[PDB]
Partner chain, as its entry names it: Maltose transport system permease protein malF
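Here we start with a single chain on its own, the form deposited without its partner chain, put down as structure tokens.
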């Protein structure tokens, strides 16, 4: 029971929803159908709930990791573009949105986390995680901190856990093995232990969330933060003189971020599939439609080769790609939501001291593997 003749879009509150709304605004100025863009809370958990009932949005935007679960549950329409359109996008990006060899979403942008630093407070960013505790001791003396980032969402902590060997699911033939999980190996335990230690040594606080880390850096009280492209618009308005670069190394290895592909899916239950398709392929996925969204909140490296060509010149995009290169594309299997929930509890229990690192990762491994 969705109302034909309109488009309702769901996008996360951290993305350029006002720019998206302008893209729909000239969709309608030229097609008569109104597009309404919403950013509900926890949309990613709500979608499967109402979509199930034959409700929800026409189009849902999220990183590709949640899409194999939606596809398995029968909530998404298979998209079928065409080889000329497919050719306009980087091939690895359509691979991120293939579920059982079928395409189930349009790729939009490639996101990777980077190290953001205040050049006025730290002209040369550190190359290693290991020098962060000494750096904090000097800034603290001057009333500032070396680094603050969201500790509440496992997405932010995974690059460090993965650096020395942690992994989610082993990719074995061209299949992910759901029984071979790397959350409790020596690599994962070494990274999580370094994090807990920064905490126990008062270099970071266990409660820092997205808001606190973002205000701390935007106000100049912390020299560095770890975030994605979407955060740049707020740093620009704060006028901090910042740099975006490669994440620090841990035990000599590159921090390895999970790479996300912002994707747009069509609810299986919509009577507007062709309008949806119109909208995504001919309006949004254009240099003009992507530019409009990007002005609002930067998208990262886009999937459309044409526009990415324009963006690649920006050192912030170059740093984005370099960290994506060092990282791994997330799986899109249904089990990714179980993985994230288990790791989220493990990290909060370890950081808060409610469990040791070993008991926290062992419980997570257990939980993910049944």
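Numbering follows the first chain given and starts at 1.
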- Averaging the C-alpha B factors as listed in the entry, name the stretch that ends up higher: 105 to 113 or 237 to 245. 237 to 245
- Message: Comparing average C-alpha B factors as deposited, tell me which of 186 to 194 and 219 to 227 sits higher.
- Response: 219 to 227
- Note to self: of 59, 338, 311, 333, the C-alpha temperature factor tops out at 311
- Message: Highest Cα temperature factor in the entry, among the options 175, 98, 179, 297: which one is it?
- Response: 175
- Query: Considering only modelled residues of the same chain, in which third does the CA B-factor of residue 364 rank: lowest, middle or highest?
  - Reply: lowest
- Which third of the chain holds residue 265 when residues are ordered by C-alpha B factor: lowest, middle or highest? middle
- Lowest, middle or highest third of the chain for the C-alpha temperature factor of residue 37? highest
- Could you tell me which third, lowest, middle or highest, the C-alpha B-factor of residue 166 occupies within its chain? lowest
- Task: State the tercile, meaning the lowest, middle or highest third, of residue 21 with respect to the CA B-factors recorded for its chain.
- Result: highest
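This next part talks about the form solved in complex with its partner chain, which is not shown.
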- Can you name the residues of 20 to 47 that have a heavy atom within 4.5 Å of its partner chain in the entry with it bound? 28, 29, 30, 31, 32, 33, 45
- Is it the same rigid part for residue 205 and residue 45 between the shown form and the other one? no
- Query: So the C-alpha spacing of residue 214 and residue 47 changes by 3 Å or more in the entry with it bound; is that change toward closer or farther than shown?
  - Reply: farther
